[PDB]
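Given next are two forms of a protein chain, the same chain in both, each as structure tokens and marked structure 1 or structure 2.
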Structure 1
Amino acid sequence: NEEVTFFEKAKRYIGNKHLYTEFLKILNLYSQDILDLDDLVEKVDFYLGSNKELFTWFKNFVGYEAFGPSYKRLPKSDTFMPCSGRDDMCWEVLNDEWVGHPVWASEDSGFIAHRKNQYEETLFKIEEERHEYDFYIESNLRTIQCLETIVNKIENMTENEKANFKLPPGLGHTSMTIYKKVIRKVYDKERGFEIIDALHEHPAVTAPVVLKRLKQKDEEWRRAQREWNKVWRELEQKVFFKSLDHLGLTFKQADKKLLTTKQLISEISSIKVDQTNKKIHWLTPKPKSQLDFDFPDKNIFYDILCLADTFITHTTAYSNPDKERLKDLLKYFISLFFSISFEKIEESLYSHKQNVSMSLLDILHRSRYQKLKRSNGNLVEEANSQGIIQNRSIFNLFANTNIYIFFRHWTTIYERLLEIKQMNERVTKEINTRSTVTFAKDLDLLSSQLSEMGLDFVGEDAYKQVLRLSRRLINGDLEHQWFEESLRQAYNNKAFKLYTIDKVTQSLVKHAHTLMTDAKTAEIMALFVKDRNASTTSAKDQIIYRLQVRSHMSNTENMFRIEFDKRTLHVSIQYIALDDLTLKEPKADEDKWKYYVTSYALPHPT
């Protein structure tokens, strides 16, 4: 009675058939007493584990050695090897039974390695040459000291003791192959063997000549060592930091490939389908809008406007009137949307540019801006009665793809600049206290190439230095490589995000241009202006807004709703499923059903 329903529930949950086929095969393997019981429970937990009630009912209803895949067991005939010094304990404690190996733990073919980009390869080569020279130097010295002491001890005797003196194998030292290796390196290995047995036989005639040969070779090798130490140090300083960022060489190609339109809508589509496919599970509450941005610091906007103004004054793609229209559109939009007074914008630009030493709709229909700048039953009644929002604080904007991608670019730039402006305090305090020891200053051991061109973060502040350097890059006053290197050494390889601070600005300018060159988006922004300038509204007015803006683009295009909260300076972006709630889902039956029966008043369908 309840179990037919169980098999129907299982077929529903699994959703597919091949996986249901395997589910039934598990069940039958259990049925013919092949599978254990709790092995069946564990095998089904991979199927009905995302459900709690179904699997707990299954638990209450069904009434519920080399376990490591790396080792083998050898017979007790491979554990029989001499092992002389193995006492009674090293038999009881150690293990001779089980065996492992990286040739059959890798399945006879494997062992990938990391990538280790080219600059680390050159650094490794430099370190290897260093090690080689150091090894030969130290070995030559280590044999020279012993040969010197035996020479100094052997000459103080008479001719008789010299004639009968001989050295035992090892020269009385603790190592036996050092001097052999050194002499075979320097002395023509055949001649090296004959001279080494001559040294073992009669040192009184062979030790001085080998000693002086080793001395001259040592001084030659040391001269070569310093003359190569110069180049080693210079190349190591050239390519050290370039090798310490595993993302910085692939950010100028990841911020141009993962910052297109497809990906930009794809992340929000993905969080949407996640919300639905996981909302099928009923016990979870209904999730609200897709994306969340938060804007606690308002001063970066003037910096973004400064970057945009710098680009537009530099670029040659647009003509001067177009440049002014772009500047004024950006200024007024970011003053209106984020509710920043234009007078405060002008005071901020006053504070900014003095240290370097009509409405928005008037711009929407560009002719207006040209003229301006050349002049210089009871149900619906009682539903609309209660709930009137006075002193509007939460605003909304209904947008096609262009406004959304533009606001996306804006948020990307703001988030990157806020990252580095949150690091600024500590990184500046650190770079102010660089304790450079003069012992490296005098020996030319420090590279002042970054300090000579002024790109070094001297005790001036760091964030303003980033802004100024990025502006110099945008103008074309500084190459990309040196800006990158300044940002590597200055902060760390921790601030790699700002290598594309000019391309993202160019993209934001292109989108601010599309935001008024198109006709549909111009009218959508005009409706946005008309709603934003309003100070009080009702749900019916919001439905009029949504339907009017949807009337502009076709029934195949997407639509996004940007909900701006002025009390806490928040932005919430919602993907609009064409027949989803134009406002956010509440929790009250009252609000929901009265909102829909007031939408019923308009002749548009439900």
Structure 2
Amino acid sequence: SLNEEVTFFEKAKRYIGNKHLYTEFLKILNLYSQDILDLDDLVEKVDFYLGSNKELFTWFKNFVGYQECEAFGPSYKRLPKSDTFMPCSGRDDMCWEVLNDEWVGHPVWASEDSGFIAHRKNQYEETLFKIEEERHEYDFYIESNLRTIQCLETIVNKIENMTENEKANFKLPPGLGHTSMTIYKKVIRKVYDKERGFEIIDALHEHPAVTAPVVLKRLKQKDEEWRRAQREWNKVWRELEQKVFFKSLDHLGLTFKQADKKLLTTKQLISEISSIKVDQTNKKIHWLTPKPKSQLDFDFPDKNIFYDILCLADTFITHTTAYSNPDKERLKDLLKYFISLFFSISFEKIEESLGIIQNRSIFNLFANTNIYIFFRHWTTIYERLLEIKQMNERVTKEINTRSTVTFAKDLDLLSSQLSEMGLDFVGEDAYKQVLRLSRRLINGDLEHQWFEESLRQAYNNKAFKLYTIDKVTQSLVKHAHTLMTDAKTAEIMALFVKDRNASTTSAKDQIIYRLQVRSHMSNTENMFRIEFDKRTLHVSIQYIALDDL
């Protein structure tokens, strides 16, 4: 009851860290101490200061003696009673009781006199809005003209079956007996001249007998001409909508190529694993005394995906020209050997589909940056394909059971592209199709835009991550090529080959394997522990860069 009382302040100083923050904390404490800050405000401020330190904040709460209105909010201010007295003639006592007239808010006050940020849209979304703008333009004018034609023809058939002795003094009220006062005025002022529209309106109101039929005839001629122009505009709008709409609805996929070029590099993949290690080491000193021996976790539930990635790799190898043929076959059997040795798949299955710890199931690969980056590219392709496969059956059932509406088939509205040229997914399995298309994209016989359009049409933009499949498998092939053809890098592989092939190893074998791997690489390079389990195919990647030294 004494030691924590005298050590609380400098223990809190250690916790706050930054002196500055400690300076403002002492300012908060003095402001409470000078009968200026209320105790609840001090409590909240310390809660914002020592929130994660529960024990310290709990001690502060009970030692201080806290026991658990007028919150106006930031976006409302109070008017005086002078501006409240503004006559609203329709208000009885209930509206004067329940309506707020003193507290107001404005967008200008909420912006702090700075403005607002509009949401960014694609250029395809912008031209979609332009198409919608022109559609509303044509349809609003046509429907307003049609309503005026209906009213005028009602007046005309009322005036046709009557005689001429009272047709001279027959008049029309404003609005022409309709529920609107201005729609016919808008139509008249648009169709006729600006200065003559008003006098036509006056001639229609005073003498409708002569003015009404010629007005109806003009309006009908303008209506049929506008509808013909609207239909042969609607052809253009429909084709541009079919060209634009699915690209407009794609948001991450429109910029996924540059984002995948920028973020699937060595630096970002090192940054992710180092950030996870930094988070674990930062939260280790606070709680969780059993610190985990892993940072990244990868699951591998499906094994056919490995054969798909291998098929894509050999397709890129056969297609490419920058690599020699011995280098091509070394890439092929290096990838096949690494996949057969790291995981539980044998070489036969690959070929047909395209303190002594005895009988060990956990296998450790100690790697430098090159093997780690190559493995990260492989896991990137695996997760990208597994996202497609895990939803392959549902999207296949959706594409196969695509019942088109009847009036689009009768009036050939639906698009024909992605069909004549065979990019729809109807009649085939969706995953196989993707791989086939991809292979075609890798081989160069398929354009990038049509591949992206087919993927976003088939998967409803959920296959945006596969737009750069060729680039990532090219980078994976390049990383394997630099993996076997670099000094102090292929020897680490060979050491992994010896460790995996020779089972029934003790812990000291793992330690001497670790320092033998470290030997090949510099004392500055990064160590990666890639742990594989034969059961459940879980891969745990641990960052031990400059740790074992």
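By convention here, residues take numbers in order along the sequence of structure 1, the first being 1. For clarity, a rigid core is taken as the largest C-alpha set superposing within 1.5 Å between two forms.
Checking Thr284, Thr260, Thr433, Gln118 for C-alpha shifts of 2 Å or more between the two structures, after the rigid core is superposed, gives a single hit: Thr284. Annotation for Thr158: C-alpha shift of 2 angstroms or more between the two structures, rigid core superposed. With the core fitted, the CA of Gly170 sits 2.4 Å away from its counterpart between the two structures.
We note a C-alpha movement of 0.7 Å at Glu419 between the two structures, with the rigid core held in register.
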